[PDB]
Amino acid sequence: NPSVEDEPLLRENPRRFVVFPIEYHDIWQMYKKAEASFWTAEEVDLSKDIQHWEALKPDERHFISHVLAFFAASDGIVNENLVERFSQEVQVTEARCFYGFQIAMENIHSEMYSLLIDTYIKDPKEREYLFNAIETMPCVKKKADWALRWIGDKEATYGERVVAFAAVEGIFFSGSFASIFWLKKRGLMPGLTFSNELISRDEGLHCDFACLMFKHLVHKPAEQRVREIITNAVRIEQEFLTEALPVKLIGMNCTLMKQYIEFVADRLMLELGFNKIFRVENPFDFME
């Protein structure tokens, strides 16, 4: 390999397989924060929610079910990206650790969503419909396809793929994470919202890490390119939350939801070392 041979993160250097002669304390500290946040789905008590789900309005259940549909496999995709690309291509021991843990936690998120979906939708029909939302519901498909693309895209560089996946884990999740936090505020679905809390704290960590990898990348995509992969994520996430599945359904103001998504992308841009794109304030007090 050429250009790669000059990238600390990817260079075939290791000639080691050991951990303590610690090379990057920043990457290491990130792996430690994650190890510290370990949790199992068994910990989220879903016993009640089954009826909480009943107390809901039809438009709300519609909403929450479509949102779950998406979360049902995305953390699937992620782990399929991390095991056949990142945790691989990267040869820095501290980063492979962070990545080994991320994969373990994505399979737990993945499990969490399923339990959710099983606890709420008992009629088998719907259940299968939601489980295979990747191939049944357009909107989510137009999402899963995006993250699914950077996996097999044989052309994109690790620089571009890290950003894109940061967009998937932060922008593609921010929409729903915000709306789920809304419910919590409004006193609804404590099993949903509690799980949504643990998981969100993980995705936050998975993005900062992605950003951190980006910053250890030498030859990275130009700002304009990054701005465009992020911007596109914003549009696909917006369209999703104020069109194919309007947050109106749970009583939220689309226009503000949009502004939030942008505020999120702005925070992602800072993290990556660039300027804000949209320059808009985070409109939800319970999010800032």
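Sequential numbering from 1, following the sequence displayed. By rigid core we mean the largest C-alpha set that fits within 1.5 Å across both forms.
- Comparing 71 to 79 with 94 to 102 in 4 other deposited structures of this protein, after superposition on the rigid core, the stretch with the greater RMS C-alpha deviation is 71 to 79.
- Higher mean CA temperature factor between 94 to 102 and 72 to 80: 72 to 80, per the PDB entry.
- Mean CA temperature factor is higher for 13 to 21 when stretches 270 to 278 and 13 to 21 are set side by side in the entry.
- Within the group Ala36, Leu46, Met30, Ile229, the record's highest C-alpha temperature factor is found at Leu46.
- Listed residues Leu130, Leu198, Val162, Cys207 were ranked by CA B-factor as deposited; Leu130 comes out on top.
- Among the modelled residues of its chain, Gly175 has a C-alpha B-factor that falls in the lowest third according to the deposited record.
- Split the chain's modelled residues into thirds by C-alpha temperature factor. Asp153 is in the highest one.
- For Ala55, the recorded CA B-factor ranks within the highest third of the chain. Only modelled residues enter the ranking.
- Per the PDB record, residue ranking by Cα B-factor puts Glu111 in the lowest third of the chain.
- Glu237: CA B factor lies in the middle third for its chain, per the PDB record.
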